[PDB]
Amino acid sequence: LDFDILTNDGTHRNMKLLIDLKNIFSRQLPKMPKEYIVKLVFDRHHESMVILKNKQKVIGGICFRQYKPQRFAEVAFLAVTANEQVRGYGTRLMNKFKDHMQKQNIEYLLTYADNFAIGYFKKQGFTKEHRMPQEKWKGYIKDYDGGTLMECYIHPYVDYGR
Amino acid sequence: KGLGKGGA
Ligand SMILES: CC(C)(COP(=O)(O)OP(=O)(O)OC[C@H]1O[C@@H](n2cnc3c(N)ncnc32)[C@H](O)[C@@H]1OP(=O)(O)O)[C@H](O)C(=O)NCCC(=O)NCCS
Numbered sequence: 049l050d051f052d053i054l055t056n057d058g059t060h061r062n063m064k065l066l067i068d069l070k071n072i073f074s075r076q077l078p079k080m081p082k083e084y085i086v087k088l089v090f091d092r093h094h095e096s097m098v099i100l101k102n103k104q105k106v107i108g109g110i111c112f113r114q115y116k117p118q119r120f121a122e123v124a125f126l127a128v129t130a131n132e133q134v135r136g137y138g139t140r141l142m143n144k145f146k147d148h149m150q151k152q153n154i155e156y157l158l159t160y161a162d163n164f165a166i167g168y169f170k171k172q173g174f175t176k177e178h179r180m181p182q183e184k185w186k187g188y189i190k191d192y193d194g195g196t197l198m199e200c201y202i203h204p205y206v207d208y209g210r
Numbered sequence: 308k309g310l311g312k313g314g315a
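Spelled out as structure tokens, the structure:
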């Protein structure tokens with residue numbers, strides 16, 4: 049069981065892993081246009097951290113986009129394959145992600161949430177009330193009136209997972 | 308992160 053950053057380097061190996069992850073995303077996010085998931089996952093700005101089982105099988109992951117100069121990143125997609133849910137993987141992934149973000153000098157995590165989703169990120173430490181100056185993400189992260197923008201502060205020396 | 312309830 050590994051949580052590795054999956055590089056989109058045009059190799060058969062990584063490409064396959066990214067595709068498997070993309071398929072888990074669409075199967076688990078039915079309201080999301082599959083081609084839209086494809087677009088983001090493989091674009092120049094996004095990165096993915098995968099939950100790798102037996103160093104070959106993808107069972108989950110999180111797609112995100114860092115805004116390095118601004119020191120914040122947006123979570124695009126998060127998911128664990130159906131037959132592997134409710135085993136603590138999703139929470140362990142999020143913790144590995146925060147630790148990686150802390151190491152990447154990222155100060156805040158932002159993500160849009162709807163319905164149930166909101167409850168999930170609240171349990172993952174995200175809040176509706178932001179402490180990050182609005183004008184900081186304005187212009188970088190699209191402002192949708194239809195979704196709840198949530199944020200998680202990444203303190204420089206709090207221990208998240210490992 | 309499009310979500311419509313469910314999600315186990
Ligand atoms: C978690 C996924 C993110 C991988 O996770 P695998 O709260 O925590 O009860 P890991 O129902 O087990 O859990 C952290 C806990 O929050 C639960 N839960 C999931 N969404 C929740 C929400 N919106 N509000 C409250 N609880 C929620 C988790 O399932 C899990 O169970 P527990 O609370 O008894 O431990 C999962 O189903 C998945 O792929 N879901 C669909 C995709 C999705 O909605 N992704 C995020 C939006 S892009």
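These protein sequence lines map, in sequence, to chains A and B.
Start counting the first sequence at 49; every next residue gets the next number (PDB author numbering).
Start counting the second sequence at 308; every next residue gets the next number (PDB author numbering).
No residue lacks a Cβ here, since even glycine has one placed at the ideal position from N, Cα and C.
Chain B within 7 Å of A:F90, Cβ atoms only: no
Opposing strand residues paired with A:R113 [DSSP bridges]: A:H94 and A:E122
For A:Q118 and A:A165, the rounded distance between their alpha carbons: 25 Å
Per DSSP, cross-strand counterpart(s) of A:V106: Looking at the DSSP output, A:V106 shares a beta bridge with A:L100.
Chain-ordered residues of the region 128 to 147 of chain A with a beta carbon less than 7 Å from chain B: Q133 and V134
Minimum C-alpha distance to A:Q152 - residue among A:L49, A:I85 and A:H203: Comparing Cα positions, the closest option is A:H203.
Heavy atom of ligand 1 within 6 Å of A:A121 beta-carbon: No, Cβ of A:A121 sits at least 6 Å from all heavy atoms of ligand 1.
Inter-residue spacing [alpha-carbon to alpha-carbon] between A:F120 and A:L77: 24 Å
C-beta contact flag for A:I107 and A:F145 at 7 Å: Against a cut-off of 7 Å, the Cβ pair of A:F145 and A:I107 comes out as no contact.
Distance cut-off 6 Å: A:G138 Cβ against heavy atoms of ligand 1: Yes, Cβ of A:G138 sits closer than 6 Å to a heavy atom of ligand 1.
Between the CA atoms of A:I99 and A:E132 - distance to the nearest angstrom: Roughly 11 Å between the two C-alpha positions.
Which residues DSSP lists as bridging A:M198, in chain order: A:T159
With 16 other Cβ atoms within 10 Å as the buried cut-off, status of A:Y168: Looking at its Cβ environment, which holds 16 or more other Cβ atoms inside 10 Å, A:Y168 is buried.
Within-7 Å CB hit, A:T159 to chain B: yes
Check: A:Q152 C-beta below 6 Å from any heavy atom of ligand 1: no
Per-residue DSSP class, three states only, for B:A315: Three-state result, B:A315: coil.
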